[PDB]
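We count residues from 1, following the sequence as given. The analysis underlying the following values was restricted to heavy atoms, covering all of them including side chains, and did not include hydrogens, waters or symmetry mates.
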Amino acid sequence: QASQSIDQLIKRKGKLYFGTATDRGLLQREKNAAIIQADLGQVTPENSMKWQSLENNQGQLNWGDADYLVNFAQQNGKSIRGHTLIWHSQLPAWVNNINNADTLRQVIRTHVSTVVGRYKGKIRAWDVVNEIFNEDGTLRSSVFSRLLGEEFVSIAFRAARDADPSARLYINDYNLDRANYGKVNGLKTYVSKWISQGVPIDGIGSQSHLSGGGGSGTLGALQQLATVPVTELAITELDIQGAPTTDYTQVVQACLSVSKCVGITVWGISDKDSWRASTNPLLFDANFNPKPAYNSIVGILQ
Ligand SMILES: [Cl-]
Ligand SMILES: [Cl-]
Ligand SMILES: [Cl-]
Ligand SMILES: [Cl-]
C-alpha cells in the first residue's frame, strides 16, 4: 500500500484502470497482493499465459498458474489483460518447428480458440498478437510471418473473436513511443487495412519500455495511434530506466490527453522483480515503498 491509490485517482479522471504485470509467485510473497488490492485495478499475467508456459510440450496443457491469476483478479475485483496468444518469443519448440502453412493455420485457430475459450467472459481484453513488426514497420520474421505472411493476424483475431465475442482484442508492440517512427507508421497502415477487411482489432497496446527522456514522445505517439479506427489504446508494459518523475508523469498525462487510451499497466511492482532490474525502472523500490515517480503521479492525478 502506497497511501493514495493511483487506480482510484485515475478512475476519477475517467480512465478504466492503473494496473500491473504479476503472477502466482509474486502474489504469494511480500507486498505484491496488498499493493494490487490497495493501489491498482488491473493485472496482466507476466508469463503464465504465454504459449511456452501453457503448452511447452504439445498437447500437455499447463493451466494452473494462469487459472490462479484469473481467480485472484476475480476475487479482488481487478480486470485482466490476457497476454499473449501469438508471439514469436516464449513459444513452444513444436510450434516453431512447423513447416506447413495450413498446419500452422489450424494450430493457431486451435490454440487461440482454446485459450480464449477457457476464460470466456472473465478477461476484459486480450493481446492477441504481440510484437509482429520490425522497427521499420514491415512484418517481423518469425514462424508466423514466414509460413502465413500477414494472414496469421486475420486468423488469430477472428478465432479470438468467436471464442469470446465480448473481449477487446488488442495488437501489442514496443517502440510505439514517438510519432512518425517507422514502426508506428507501419502498424497504423497495416492495422487500418486489416480493420477495413473486417479483422476484429479493437485495441492497440503500446508497451512503453522507455529510457530516460522517453516520456516526451508518448503524447504524439498515442495521438497518432488514436487516428487508427480501433476503439481503444492502452499503455501496456510501462517501465522507464531510472524511473524519472518527469518521464513517468508525462506518460500518465499523455494517457489523460487521449480519449481512446483506457489505462496504464506498469510491468511489475517492485524494482527488485523487474525484467530490467538493473535500471530501477518501476514505481516501487526493493522495500515495496512507493518511489518519487509513484508520488508524482499521485500529485498530478489529485
Ligand atoms: Cl472514488
Ligand atoms: Cl514473504
Ligand atoms: Cl513437444
Ligand atoms: Cl463493458
Discussion item. So does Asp127 get a backbone contact from the side chain of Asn172, meaning a donor-acceptor N/O pair under 3.5 Å?
Written reply: no
Practice prompt. Could you name each residue pair satisfying ring pair (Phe, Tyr, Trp, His ring centres under 6.0 Å) that touches residues 138-163, not counting sequence neighbours?
Written response: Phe144-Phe152
Discussion item. Quick one, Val262 and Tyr17 - any side-chain contact, counting heavy atoms below 4.5 Å?
Written reply: yes
Practice prompt. State whether the side chain of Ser145 and the backbone N or O of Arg140 hold a donor-acceptor pair below 3.5 Å, judged by distance alone.
Written response: yes
Practice prompt. Find out whether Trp267 and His209 are in side-chain contact, i.e. whether some heavy atom of one side chain is under 4.5 Å from a heavy atom of the other.
Written response: yes
Worksheet item: Going by atom types only, do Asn185 and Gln224 share a side-chain donor-acceptor pair under 3.5 Å?
Response: yes
Worksheet item: Can you check whether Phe18's main-chain N or O pairs, donor with acceptor, with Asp7's side chain at less than 3.5 Å?
Response: yes
Fill in: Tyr181-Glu135 side chain donor-acceptor pair, cut-off 3.5 Å
yes
Worksheet item: Just wondering, more than 12 heavy atoms not from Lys122 lying within 6.0 Å of its NZ?
Response: no
Discussion item. Is it the case that over 12 heavy atoms from other parts of the model lie below 6.0 angstrom from the CZ atom of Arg105?
Written reply: yes
Discussion item. I'd like to check the ring pair (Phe, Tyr, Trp, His ring centres under 6.0 Å) partners of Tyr190; sequence neighbours left out, ordered by chain and number.
Written reply: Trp194
Worksheet item: Are more than 12 heavy atoms from other residues, nucleotides or ligands located less than 6.0 Å from atom CG of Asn100?
Response: yes
